[PDB]
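K.L.:
The structure that follows is given in the form of structure tokens.
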Amino acid sequence: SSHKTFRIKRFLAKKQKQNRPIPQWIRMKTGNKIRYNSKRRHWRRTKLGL
Amino acid sequence: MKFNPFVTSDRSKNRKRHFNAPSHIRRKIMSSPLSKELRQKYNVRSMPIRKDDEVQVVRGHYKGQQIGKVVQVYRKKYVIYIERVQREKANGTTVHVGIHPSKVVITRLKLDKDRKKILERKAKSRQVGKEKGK
Amino acid sequence: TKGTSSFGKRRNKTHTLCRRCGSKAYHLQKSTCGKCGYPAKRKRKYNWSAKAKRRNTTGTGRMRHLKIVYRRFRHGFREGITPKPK
Amino acid sequence: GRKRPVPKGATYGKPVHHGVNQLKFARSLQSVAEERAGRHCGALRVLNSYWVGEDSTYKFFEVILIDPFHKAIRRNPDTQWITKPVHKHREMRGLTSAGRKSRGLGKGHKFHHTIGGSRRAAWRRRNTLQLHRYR
Amino acid sequence: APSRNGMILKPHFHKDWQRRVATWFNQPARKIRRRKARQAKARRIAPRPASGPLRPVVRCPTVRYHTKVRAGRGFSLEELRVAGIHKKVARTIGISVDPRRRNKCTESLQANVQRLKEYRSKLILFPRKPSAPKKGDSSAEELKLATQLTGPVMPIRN
Amino acid sequence: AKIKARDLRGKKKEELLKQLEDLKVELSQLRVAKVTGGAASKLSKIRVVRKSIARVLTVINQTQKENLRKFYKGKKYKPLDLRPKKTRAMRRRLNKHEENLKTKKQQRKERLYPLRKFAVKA
Amino acid sequence: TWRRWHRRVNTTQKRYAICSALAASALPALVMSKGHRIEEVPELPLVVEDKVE
Amino acid sequence: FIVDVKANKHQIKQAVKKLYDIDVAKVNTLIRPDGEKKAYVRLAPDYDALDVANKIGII
RNA sequence: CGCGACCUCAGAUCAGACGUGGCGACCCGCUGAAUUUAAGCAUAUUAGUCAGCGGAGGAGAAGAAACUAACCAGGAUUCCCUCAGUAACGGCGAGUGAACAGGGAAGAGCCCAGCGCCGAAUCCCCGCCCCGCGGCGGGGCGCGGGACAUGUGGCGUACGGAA
RNA sequence: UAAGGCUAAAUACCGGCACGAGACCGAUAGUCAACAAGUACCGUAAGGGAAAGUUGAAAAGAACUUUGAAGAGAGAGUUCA
RNA sequence: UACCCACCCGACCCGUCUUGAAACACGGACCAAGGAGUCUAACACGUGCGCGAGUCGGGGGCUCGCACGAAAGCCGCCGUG
RNA sequence: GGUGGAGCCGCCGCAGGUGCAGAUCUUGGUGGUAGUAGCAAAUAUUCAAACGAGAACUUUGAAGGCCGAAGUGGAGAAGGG
RNA sequence: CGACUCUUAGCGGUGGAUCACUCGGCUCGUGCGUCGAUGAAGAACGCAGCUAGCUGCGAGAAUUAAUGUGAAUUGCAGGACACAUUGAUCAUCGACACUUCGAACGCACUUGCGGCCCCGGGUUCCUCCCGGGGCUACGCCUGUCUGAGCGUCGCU
Ligand SMILES: [Mg+2]
Ligand SMILES: [Mg+2]
Ligand SMILES: [Mg+2]
Ligand SMILES: [Mg+2]
Ligand SMILES: [Mg+2]
Ligand SMILES: [Mg+2]
Ligand SMILES: [Mg+2]
Ligand SMILES: [Mg+2]
Ligand SMILES: [Mg+2]
Ligand SMILES: [Mg+2]
Ligand SMILES: [Mg+2]
Ligand SMILES: [Mg+2]
Ligand SMILES: [Mg+2]
Ligand SMILES: [Mg+2]
Ligand SMILES: [Mg+2]
Ligand SMILES: [Mg+2]
Ligand SMILES: [Mg+2]
Ligand SMILES: [Mg+2]
Ligand SMILES: [Mg+2]
Ligand SMILES: [Mg+2]
Ligand SMILES: [Mg+2]
Ligand SMILES: [Mg+2]
Ligand SMILES: [Mg+2]
Ligand SMILES: [Mg+2]
Ligand SMILES: [Mg+2]
Ligand SMILES: [Mg+2]
Ligand SMILES: [Mg+2]
Ligand SMILES: [Mg+2]
Ligand SMILES: [Mg+2]
Ligand SMILES: [Mg+2]
């Protein structure tokens, strides 16, 4: 929007950090069931919580 | 038969209380017997295994009489990691192989302030039960 | 033209983020939330759809006062006493 | 009296249920007074009430309230029974002198509904099958 | 739709039996919940008739029932000034006081007085203190018993 | 080398603040080292130091409050922090005089007509 | 839950059910014919001293 | 500098001064998309950044 | 053109308390249908039920008769059996539809106001000490406050009580 | 014997904590949910609301040669398999 | 007896509603898996067993931390109905 | 017979959420159609070199073209993030 | 034997039934019966050496001190320590702590605006200004202070 509030900025900051993959090393943990993130978003499809 | 309600007996509930028990408890669980020599000397049947305790494999592929010393303890995989107990991987990089306490026998306890007092207190409990039965 | 050609001019917002609920339901015009209902002192829970009740009740959250209450009781609610030292 | 609060006549549904002007509140007005005074002073705990005066359009109910937490009440017994958390707003549950008359309890051949604890806990008992274990 | 000879049947399940059904798989655990009270109360009040206080002979009311007799609520008042027992003392001595009975006849009065007279005589008043004075029954009549009366005190048989 | 609660407990308040402020500084640098490569050796310490700040600051608020609840111990009119936090219902339970109080009428009855002990039929 | 789980017997029925069970606790035919491996047993209503309690 | 997000300029200024026994001409803050507040701090002309980089360990 | 009691009534970021949301199976007030049922249908019923709303606790309400009875009488509450699916209600139709006695679980009883008796015998809040302080309490000592005479304490409350 | 008032006990408990069990269901069943489940996603919103358990005993999970830009193969190796 | 094939005779596609369906009536691409007379109360007759002018069943009691037990046993209860 | 790798069945009883082809039945999968419909709105591309395993599709150059300042030009709002 | 096709068979896939397991349900019992302005329930954001998620926690943030416990911890690093040591880890938890919303409390919700108290710098109360700490939401109870009233009087 270019005119954001702070509250809205603090959202996207958070959301933005939540996209990063999975650290590969996770997949070596003793008892995994985890292979790929599976809560990833893309701006174009799935349009935030707004 | 068990009796005391306020204990479980449920296929599932203590299957669960396994691979969810904390490291606190896993010590007691991860215990192996002592060899006849110690079992005589000390009046204690079985002990919690410890990092640098000397051990004989009894069951498993590579059972033997070779007294290897323990190296570390997956209390997570909930299994111990011994000395010449090992296998060669595809690259030559030797990896140790897992064994329980329960499938192993202690041939030399590594003694201590804290471990002695257990050996006293277990042997004192044993004899108190035999003196009580007497 | 009430479809596609109107799924078009959809620029401007009714709902936004509630500062009590967390949900995206501040009515900006009415300034009542309509998930909890804000200026309304009391939550709009509602005996009404038990489904939407069991989405936010004691339990679902953290219970960061609460979960350590039931701890304290179990064992007896004492205070200002420390276990015998070494 | 009381007036069915519905948009115009519009008491939708069947012609029994089809009224609005002429119909009365279950409780008494005195108990409403007690309600609203105990509901102002939410700290205070309602006791009970006299009548002072009336008009064609109102009634003036004067109400006795107590601080549970004047030491003049915690410390004297007899009085120290309001303090206890059970009695939190007696007037909203219908435990007041006036408030209870509405519930319609007593002993005898008329206080027959309300022969469990209360009006409701009569039928809770009567509209249940005691389906025993062992039949 | 009836067919050829039955009864009418107004079974009353048009309401909602379903929601408010009480099943009774408490019954036996309740039996035991109860057991532990009967049990505990007795061990708490050690020497004291487990069943409860002494309670009067009394006639059932309505015409059919006449010929029966009961443990009533409690002995009348008129009854006591006669037996020479103060009403507030009786309540401490395990003597059940209803104070709400219209006594109409000398038959059922003296019948019921004899129960108090009987009670006094086979009652070991266990004394306030150990080193205690009058009316408490002697250290012989004291050693002999620790005996809870199991079952209803001086049971009323028709 | 752990800054244990052994060695702090019996120390002066102003001394702890120096040792805290020693650690605070030291932590700030370990963050720098994190960004500028540093070393695994340093990137562990950053936890030990963080926590050692707690090990310290604990002792400060411990020993303050121990002290502070020793003024008003005895004084009636004392602040909320220190007032005893059980449960709201529980802090509005009656006092422990104000139930074992009895009306004088009632005491007079407890005296004249106490409950004997007795078994019967003998 | 309110299936009629449990059931019912007359006292007398279920007293002389015990009779019939006890009477056939003699008769080695019936007892053996449950695979009750009684062949070297001395006698069948097998009574023992009260030392055993 | 990355800075704690509730910081003002007169706090960032009496911080950076207090520590790298420095002095500050002006502070100038933004909020990175990430929530980290940046603040780039001009140091008075008498006084060099390229030296005080090596003191604080950066470079 | 004052000062002073009281009565009513304000203001205090006053000293000290407290109330408000949630939870909500169970608990209590109220409110309150229509599907549905009656082969329709509105009477009735669903059903004082759901939603709505209000209110509580470790349980909730009730409770020491303005009762029951018609006996040769019983004797607070609640609960289970039982009455009994009965007395009655109803386009007496669909349905509805309780109670009284007995047995049993448990079982405890009590307190006010007034009439009067008793130098308010009372109560509240300060200050100084003595003990006590992780449910703020005793003990004393203070012409330190104040309510209360439009009424505070004891006995007493109907089963009699006072004298 | 009303117009004032209190009260344990039995008595109720699909919410909570904490347990014990079963003629139970057994992963299209069993609660929506054995797992990132009230999660992903949808609707502006009230609200709606999924799919998805299993290597082996041990990663011992193909080192190395070789073909192939790489995906893939052939040998080889590991494995009781 | 079953697989392919060969021949000779026979021969319309099931399900369903239907006086009458191969229907120029409707369902039905194929396959896996899921899937529809259940429980309770009340009657009624039929039958099985106990006792019999009785007979019961509770609800209550007495006998358990149940392992089996939330069982079984027993009660002028046993008849207050 | 093979494969599979952990448990299973016979009788006498008792207990069921009990036997599918059907319900435009529920869920998941799969065909035929079928290598079928189709990749048609704005006139427009060509050459050379680079890069590259691989080039009609990238890039640079050259050439032909279009939008054609009421724009396919240059900046913003809400929205988007 | 040419190709296609059908049937059956021999094998290759695709699919994911069946079976076999099961840290989950479901049902039924028992014990207890756990909130809050000292500031709940609920939300927001942040926090690990390498960490997205769940979970755990709160600027002492993958915890705090203490007591048991008693050598690990670990996907990989890294470590102290002296494992003759609160001594690794875990459970307990009782010692201390409690970012932002919220009944959410100075007023509003922009995240802005203030008021009133203190303590740093500034001043040297000179006022800002810059820094720091405490208060300030509505209702109502007991008390206190200050009042108002041609209300009722009293004394003048
Ligand atoms: Mg889009
Ligand atoms: Mg009894
Ligand atoms: Mg009195
Ligand atoms: Mg409330
Ligand atoms: Mg019809
Ligand atoms: Mg009809
Ligand atoms: Mg109709
Ligand atoms: Mg009607
Ligand atoms: Mg009705
Ligand atoms: Mg009705
Ligand atoms: Mg409702
Ligand atoms: Mg009665
Ligand atoms: Mg009364
Ligand atoms: Mg009451
Ligand atoms: Mg009560
Ligand atoms: Mg599945
Ligand atoms: Mg499922
Ligand atoms: Mg599979
Ligand atoms: Mg499978
Ligand atoms: Mg195999
Ligand atoms: Mg037809
Ligand atoms: Mg035709
Ligand atoms: Mg048709
Ligand atoms: Mg089944
Ligand atoms: Mg099937
Ligand atoms: Mg043109
Ligand atoms: Mg541009
Ligand atoms: Mg599947
Ligand atoms: Mg499967
Ligand atoms: Mg005046």
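Chain labels run A, B, ... following the order of the structure tokens; each chain numbers its residues from 1, and ligands are numbered from 1 in the order shown.
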Please identify every polymer residue within 12 Å of ligand 19, using only C-alpha atoms (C1' of nucleotides) and all ligand atoms, and present the set as a PDB file with C-alpha atoms (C1' of nucleotides), in the first residue's frame.
P.N.:
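out_26.pdb, written as the output of this step:
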```pdb
ATOM      1  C1'   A J  27      -6.867 -45.038  10.326  1.00  0.00           C
ATOM      2  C1'   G J  53      -0.054 -43.473  10.000  1.00  0.00           C
ATOM      3  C1'   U J  54       3.889 -48.268   8.457  1.00  0.00           C
TER       4        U J  54
ATOM      5  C1'   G M  16      -3.342 -47.965  -3.721  1.00  0.00           C
ATOM      6  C1'   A M  17      -7.642 -52.551  -1.310  1.00  0.00           C
ATOM      7  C1'   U M  18      -6.565 -56.572   1.895  1.00  0.00           C
ATOM      8  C1'   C M  19      -4.000 -58.268   5.822  1.00  0.00           C
ATOM      9  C1'   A M  20      -0.837 -57.392   9.932  1.00  0.00           C
ATOM     10  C1'   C M  21       0.581 -53.564  13.535  1.00  0.00           C
TER      11        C M  21
END
```
K.L.:
Please determine the contact residues of chain F with respect to chain M at a cut-off of 6 Å, counting only C-alpha atoms (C1' of nucleotides), and supply them as a PDB file with C-alpha atoms, in the first residue's frame.
P.N.:
```pdb
ATOM      1  CA  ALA F  40      31.963 -21.815  16.859  1.00  0.00           C
ATOM      2  CA  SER F  41      33.804 -21.292  20.159  1.00  0.00           C
ATOM      3  CA  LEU F  43      28.939 -18.756  19.082  1.00  0.00           C
ATOM      4  CA  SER F  44      28.436 -21.138  22.015  1.00  0.00           C
ATOM      5  CA  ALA F  54      20.090 -14.359  34.546  1.00  0.00           C
ATOM      6  CA  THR F  58      18.195 -13.351  39.725  1.00  0.00           C
ATOM      7  CA  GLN F  62      16.185 -12.255  45.054  1.00  0.00           C
ATOM      8  CA  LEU F  80       0.767  -5.703  46.546  1.00  0.00           C
TER       9      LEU F  80
END
```
K.L.:
Using only C-alpha atoms (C1' of nucleotides), which protein or nucleic acid residues come within 10 Å of residue 13 of chain G? Drop anything in the same chain fewer than 3 positions from it, and give the result as number ranges by chain.
P.N.:
G: 9-10, 16-19; K: 49-51
K.L.:
Do a neighbour search on residue 98 of chain F at 9 Å with only C-alpha atoms (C1' of nucleotides), toss out local chain neighbours closer than 2 positions, and write the hits as JSON, numbers by chain.
P.N.:
{"D": [74, 75, 76, 77, 80], "F": [94, 95, 96, 100, 101, 102]}
K.L.:
Can you work out which residues are within 10 Å of ligand 1, considering only C-alpha atoms (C1' of nucleotides) and all ligand atoms, and then hand them over as JSON, numbers by chain?
P.N.:
{"A": [43, 44, 45, 46, 47], "L": [80]}
K.L.:
Please write out the residues within 12 Å of ligand 27 as a PDB file with N, CA, C and O atoms (P, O5', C5', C4', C3', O3' and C1' of nucleotides), in the first residue's frame, counting only C-alpha atoms (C1' of nucleotides) and all ligand atoms.
P.N.:
```pdb
ATOM      1  P     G L  73       3.610   1.534 -21.784  1.00  0.00           P
ATOM      2  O5'   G L  73       4.586   2.802 -21.844  1.00  0.00           O
ATOM      3  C5'   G L  73       4.777   3.487 -23.102  1.00  0.00           C
ATOM      4  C4'   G L  73       5.517   4.810 -23.025  1.00  0.00           C
ATOM      5  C3'   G L  73       5.916   5.359 -21.677  1.00  0.00           C
ATOM      6  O3'   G L  73       7.171   4.752 -21.336  1.00  0.00           O
ATOM      7  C1'   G L  73       4.834   7.086 -22.928  1.00  0.00           C
ATOM      8  P     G L  74       7.457   4.130 -19.855  1.00  0.00           P
ATOM      9  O5'   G L  74       7.505   5.410 -18.907  1.00  0.00           O
ATOM     10  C5'   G L  74       8.721   6.160 -18.784  1.00  0.00           C
ATOM     11  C4'   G L  74       8.496   7.422 -17.989  1.00  0.00           C
ATOM     12  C3'   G L  74       8.125   7.239 -16.526  1.00  0.00           C
ATOM     13  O3'   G L  74       9.299   7.068 -15.731  1.00  0.00           O
ATOM     14  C1'   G L  74       6.694   8.851 -17.527  1.00  0.00           C
ATOM     15  P     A L  75       9.222   6.379 -14.285  1.00  0.00           P
ATOM     16  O5'   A L  75       8.423   7.447 -13.413  1.00  0.00           O
ATOM     17  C5'   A L  75       7.295   7.018 -12.636  1.00  0.00           C
ATOM     18  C4'   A L  75       6.771   8.118 -11.740  1.00  0.00           C
ATOM     19  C3'   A L  75       6.016   7.589 -10.525  1.00  0.00           C
ATOM     20  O3'   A L  75       6.877   7.488  -9.396  1.00  0.00           O
ATOM     21  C1'   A L  75       4.605   9.022 -11.770  1.00  0.00           C
ATOM     22  P     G L  76       6.475   6.525  -8.185  1.00  0.00           P
ATOM     23  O5'   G L  76       5.158   7.209  -7.618  1.00  0.00           O
ATOM     24  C5'   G L  76       4.109   6.416  -7.049  1.00  0.00           C
ATOM     25  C4'   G L  76       2.985   7.325  -6.647  1.00  0.00           C
ATOM     26  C3'   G L  76       1.807   6.659  -5.964  1.00  0.00           C
ATOM     27  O3'   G L  76       1.943   6.569  -4.556  1.00  0.00           O
ATOM     28  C1'   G L  76       1.014   7.981  -7.721  1.00  0.00           C
TER      29        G L  76
END
```
K.L.:
List all protein, DNA and RNA residues that have an atom no more than 12 Å from any atom of ligand 8, counting only C-alpha atoms (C1' of nucleotides) and all ligand atoms, and report them as a PyMOL selection string.
P.N.:
(chain D and resi 13-18) or (chain I and resi 33-34+36-38+41-47+94)
K.L.:
For the contact check between chain K and chain D, emit one row per residue of chain K within 10 Å, containing the shortest atom pair and the distance in Å rounded to one decimal, counting only C-alpha atoms (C1' of nucleotides), chain then rising number order, as a Markdown table.
P.N.:
```
| residue | atom | partner | partner_atom | distance |
| --- | --- | --- | --- | --- |
| K:40 | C1' | D:131 | CA | 9.3 |
| K:41 | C1' | D:129 | CA | 9.4 |
| K:57 | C1' | D:135 | CA | 9.2 |
| K:58 | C1' | D:135 | CA | 8.8 |
```
K.L.:
If you keep N, CA and C atoms (P, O5', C5', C4', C3', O3' and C1' of nucleotides), can you produce a file of those selected residues as a PDB file, in the first residue's frame?
P.N.:
```
ATOM      1  P     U K  40     -31.976 -53.039  23.638  1.00  0.00           P
ATOM      2  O5'   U K  40     -32.879 -51.799  24.063  1.00  0.00           O
ATOM      3  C5'   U K  40     -32.353 -50.797  24.957  1.00  0.00           C
ATOM      4  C4'   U K  40     -33.390 -49.748  25.258  1.00  0.00           C
ATOM      5  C3'   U K  40     -34.716 -50.250  25.799  1.00  0.00           C
ATOM      6  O3'   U K  40     -34.744 -50.700  27.151  1.00  0.00           O
ATOM      7  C1'   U K  40     -35.151 -48.683  24.129  1.00  0.00           C
ATOM      8  P     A K  41     -35.920 -51.694  27.638  1.00  0.00           P
ATOM      9  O5'   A K  41     -37.210 -50.773  27.557  1.00  0.00           O
ATOM     10  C5'   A K  41     -37.288 -49.592  28.360  1.00  0.00           C
ATOM     11  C4'   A K  41     -38.672 -49.019  28.276  1.00  0.00           C
ATOM     12  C3'   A K  41     -39.799 -50.041  28.334  1.00  0.00           C
ATOM     13  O3'   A K  41     -40.103 -50.417  29.671  1.00  0.00           O
ATOM     14  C1'   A K  41     -40.181 -48.592  26.535  1.00  0.00           C
ATOM     15  P     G K  57     -36.703 -61.488  39.953  1.00  0.00           P
ATOM     16  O5'   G K  57     -36.402 -59.922  39.833  1.00  0.00           O
ATOM     17  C5'   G K  57     -37.344 -58.906  39.386  1.00  0.00           C
ATOM     18  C4'   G K  57     -37.082 -57.607  40.116  1.00  0.00           C
ATOM     19  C3'   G K  57     -35.632 -57.311  40.505  1.00  0.00           C
ATOM     20  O3'   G K  57     -34.517 -56.884  39.717  1.00  0.00           O
ATOM     21  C1'   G K  57     -36.850 -57.135  42.450  1.00  0.00           C
ATOM     22  P     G K  58     -32.996 -56.774  40.385  1.00  0.00           P
ATOM     23  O5'   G K  58     -32.850 -55.207  40.584  1.00  0.00           O
ATOM     24  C5'   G K  58     -33.780 -54.351  39.909  1.00  0.00           C
ATOM     25  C4'   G K  58     -34.555 -53.539  40.909  1.00  0.00           C
ATOM     26  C3'   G K  58     -33.705 -52.714  41.825  1.00  0.00           C
ATOM     27  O3'   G K  58     -33.081 -51.927  40.824  1.00  0.00           O
ATOM     28  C1'   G K  58     -35.587 -53.520  43.019  1.00  0.00           C
TER      29        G K  58
END
```
K.L.:
What lies within 7 Å of segment 25-28 of chain C using only C-alpha atoms (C1' of nucleotides), ignoring chain neighbours under 4 positions off, as a list in words?
P.N.:
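Listing them by chain and then by number gives residues 14, 15, 16, 17, 18, 32, 33, 34 and 35 of chain C; 45 of chain J.
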K.L.:
Keeping only N, CA and C atoms (P, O5', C5', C4', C3', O3' and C1' of nucleotides), write those residues as a PDB file, in the first residue's frame.
P.N.:
```pdb
ATOM      1  N   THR C  14     -13.912  -3.339   4.513  1.00  0.00           N
ATOM      2  CA  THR C  14     -14.844  -3.355   5.628  1.00  0.00           C
ATOM      3  C   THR C  14     -14.152  -3.846   6.867  1.00  0.00           C
ATOM      4  N   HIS C  15     -13.541  -5.016   6.761  1.00  0.00           N
ATOM      5  CA  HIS C  15     -12.997  -5.673   7.925  1.00  0.00           C
ATOM      6  C   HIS C  15     -11.521  -5.367   8.044  1.00  0.00           C
ATOM      7  N   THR C  16     -11.043  -5.402   9.282  1.00  0.00           N
ATOM      8  CA  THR C  16      -9.620  -5.326   9.587  1.00  0.00           C
ATOM      9  C   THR C  16      -9.355  -6.092  10.885  1.00  0.00           C
ATOM     10  N   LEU C  17      -8.185  -5.910  11.478  1.00  0.00           N
ATOM     11  CA  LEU C  17      -7.777  -6.749  12.586  1.00  0.00           C
ATOM     12  C   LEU C  17      -8.252  -6.226  13.924  1.00  0.00           C
ATOM     13  N   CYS C  18      -8.937  -7.105  14.643  1.00  0.00           N
ATOM     14  CA  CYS C  18      -9.443  -6.829  15.971  1.00  0.00           C
ATOM     15  C   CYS C  18      -8.303  -6.880  16.967  1.00  0.00           C
ATOM     16  N   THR C  32     -17.715  -2.051  15.628  1.00  0.00           N
ATOM     17  CA  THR C  32     -17.983  -3.238  16.438  1.00  0.00           C
ATOM     18  C   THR C  32     -17.321  -4.368  15.684  1.00  0.00           C
ATOM     19  N   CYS C  33     -16.718  -5.313  16.382  1.00  0.00           N
ATOM     20  CA  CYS C  33     -15.922  -6.333  15.707  1.00  0.00           C
ATOM     21  C   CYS C  33     -16.823  -7.330  14.986  1.00  0.00           C
ATOM     22  N   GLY C  34     -17.702  -7.996  15.722  1.00  0.00           N
ATOM     23  CA  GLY C  34     -18.526  -9.049  15.143  1.00  0.00           C
ATOM     24  C   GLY C  34     -17.838 -10.398  14.998  1.00  0.00           C
ATOM     25  N   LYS C  35     -16.763 -10.641  15.754  1.00  0.00           N
ATOM     26  CA  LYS C  35     -16.395 -12.005  16.160  1.00  0.00           C
ATOM     27  C   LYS C  35     -16.521 -12.123  17.672  1.00  0.00           C
TER      28      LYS C  35
ATOM     29  P     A J  45     -12.975 -12.460   6.173  1.00  0.00           P
ATOM     30  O5'   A J  45     -14.405 -12.070   6.763  1.00  0.00           O
ATOM     31  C5'   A J  45     -14.579 -11.070   7.781  1.00  0.00           C
ATOM     32  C4'   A J  45     -15.776 -11.384   8.641  1.00  0.00           C
ATOM     33  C3'   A J  45     -15.889 -12.841   9.084  1.00  0.00           C
ATOM     34  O3'   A J  45     -15.555 -12.957  10.465  1.00  0.00           O
ATOM     35  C1'   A J  45     -17.887 -12.124   7.956  1.00  0.00           C
TER      36        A J  45
END
```
K.L.:
Quick one: residues within 10 Å of ligand 12, with only C-alpha atoms (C1' of nucleotides) and all ligand atoms, as a list in words?
P.N.:
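Result of the 10 Å neighbour search around ligand 12: residues 107, 108 and 115 of chain D; 65, 67, 68, 74, 75, 76, 77 and 100 of chain I.
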K.L.:
If we count only C-alpha atoms (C1' of nucleotides), which residues of chain E reach to within 8 Å of chain K? Please list them as an MDAnalysis selection string.
P.N.:
chainID E and resid 5:7 9 11 25 28:29
K.L.:
Sorted by chain and rising residue number, which residues of chain C lie within 12 Å of chain F, and what are their closest atom pairs and distances in Å to one decimal, counting only C-alpha atoms, as a tab-separated table?
P.N.:
```
residue	atom	partner	partner_atom	distance
C:65	CA	F:87	CA	11.3
C:66	CA	F:87	CA	11.1
C:68	CA	F:87	CA	12.0
C:69	CA	F:87	CA	8.7
C:70	CA	F:87	CA	11.1
C:72	CA	F:86	CA	9.1
C:73	CA	F:86	CA	9.5
C:76	CA	F:86	CA	10.2
C:77	CA	F:86	CA	6.5
C:78	CA	F:86	CA	7.8
C:79	CA	F:84	CA	7.6
C:80	CA	F:84	CA	8.4
C:81	CA	F:66	CA	11.8
C:86	CA	F:6	CA	11.6
```
K.L.:
Starting from chain C, keep only residues with some atom at most 10 Å from an atom of chain L, counting only C-alpha atoms (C1' of nucleotides), and report them as a list in words.
P.N.:
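Filtering chain C at 10 Å from chain L with only C-alpha atoms (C1' of nucleotides) gives residues 9, 10, 11, 12 and 13 of chain C.
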K.L.:
Keeping only N, CA, C and O atoms, write the selected residues as a PDB file, in the first residue's frame.
P.N.:
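File again31.pdb, as written:
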```
ATOM      1  N   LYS C   9     -14.124  -3.987  -9.075  1.00  0.00           N
ATOM      2  CA  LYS C   9     -13.965  -2.787  -8.242  1.00  0.00           C
ATOM      3  C   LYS C   9     -14.130  -3.098  -6.755  1.00  0.00           C
ATOM      4  O   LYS C   9     -15.074  -2.657  -6.106  1.00  0.00           O
ATOM      5  N   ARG C  10     -13.184  -3.846  -6.219  1.00  0.00           N
ATOM      6  CA  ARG C  10     -13.266  -4.356  -4.865  1.00  0.00           C
ATOM      7  C   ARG C  10     -12.050  -3.836  -4.086  1.00  0.00           C
ATOM      8  O   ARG C  10     -11.277  -4.602  -3.514  1.00  0.00           O
ATOM      9  N   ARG C  11     -11.878  -2.518  -4.088  1.00  0.00           N
ATOM     10  CA  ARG C  11     -10.664  -1.912  -3.546  1.00  0.00           C
ATOM     11  C   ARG C  11     -10.706  -1.741  -2.030  1.00  0.00           C
ATOM     12  O   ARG C  11      -9.692  -1.903  -1.375  1.00  0.00           O
ATOM     13  N   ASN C  12     -11.866  -1.471  -1.458  1.00  0.00           N
ATOM     14  CA  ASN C  12     -11.909  -0.782  -0.168  1.00  0.00           C
ATOM     15  C   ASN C  12     -12.463  -1.665   0.923  1.00  0.00           C
ATOM     16  O   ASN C  12     -13.403  -2.407   0.695  1.00  0.00           O
ATOM     17  N   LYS C  13     -11.901  -1.530   2.121  1.00  0.00           N
ATOM     18  CA  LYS C  13     -12.073  -2.512   3.189  1.00  0.00           C
ATOM     19  C   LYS C  13     -13.167  -2.279   4.213  1.00  0.00           C
ATOM     20  O   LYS C  13     -13.325  -1.173   4.724  1.00  0.00           O
TER      21      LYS C  13
END
```
